[PDB]
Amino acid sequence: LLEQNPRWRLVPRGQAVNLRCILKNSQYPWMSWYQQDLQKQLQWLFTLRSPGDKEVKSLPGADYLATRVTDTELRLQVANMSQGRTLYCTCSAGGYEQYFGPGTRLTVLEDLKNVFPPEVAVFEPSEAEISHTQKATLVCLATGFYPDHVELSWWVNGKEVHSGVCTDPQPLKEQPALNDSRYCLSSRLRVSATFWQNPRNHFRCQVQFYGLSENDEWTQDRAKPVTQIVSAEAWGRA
């Protein structure tokens, strides 16, 4: 129920951006846009019922034009973004309950020059910890990335795991003073020491980074910081 594309987006100063929201069930024809700012405050923008309806609206600091193109498609153009934000498409029947879609996140950069992908390293369980607790904690460190668009996951013998895992909810700034500071994020996977001690067991943390696309220009000598995965691994030892 409700798909929104894209899910994420990079925007340099000056660029506009288009968002789409497809309604997947005709019983909830009333469709709306809400913005959620960086301080997490939600604010309604528009509600458009019929195909052909369009509206414009200005908030601090983003300008919006919205258009209900078809009975199942709603579009939004976002321009003049000073500060970043997230945009939720909602749908509803008789306006009462409102179901929020998955949202589109917009980040804003002065310069494209300061985008970097993450470096990823895995740190192996302490022997002390295995003796003391009969448990083994792997740590994963994704460092040096900008902006903060990463999705970290843990993979054990080729399958993704959620049990035993905890990822920092907030990345921390490497140079907290600077305006455009590169970020860093940690995660932990904790397993039984018997499982760590089997050397047939393979561990990987995977960091999906979200960065530049085919459409974004790139002028510098280092590799174009494109949307990519960066991984790190470790093997069990006895």
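Just count from 1 along the sequence shown to find any residue number.
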Report summary line: Gap between residue 94 and residue 95, counted in deposited residues with no coordinates, falls in the class 1 to 3
Query raised in the report: Is the mean CA B factor in the deposited entry higher across 196-204 or across 50-58?
Result: 50-58
Query raised in the report: Of the two stretches 21-29 and 221-229, which shows the higher Cα B-factor on average in the entry?
Result: 21-29
Query - Residue with maximal Cα B-factor (values as given in the PDB entry) among 213, 186, 36, 181 - result: 181
Query raised in the report: Out of 90, 167, 83, 77, which one has a C-alpha B factor higher than all the others in the entry?
Result: 83
Report summary line: Entry-reported C-alpha B-factor of residue 98 relative to its chain, by third, is highest
Requested in this report: Grab the CA temperature factor for residue 177 from the record and place it in the lowest, middle or highest third of its chain.
Outcome: highest
Query raised in the report: So where's residue 153 on the chain's Cα temperature factor ranking, which third?
Result: lowest
Query - Third of the chain's Cα B-factor distribution that residue 122 belongs to, per the entry - result: lowest
Query raised in the report: Which third of the chain does residue 69 land in by C-alpha B-factor: lowest, middle or highest?
Result: highest
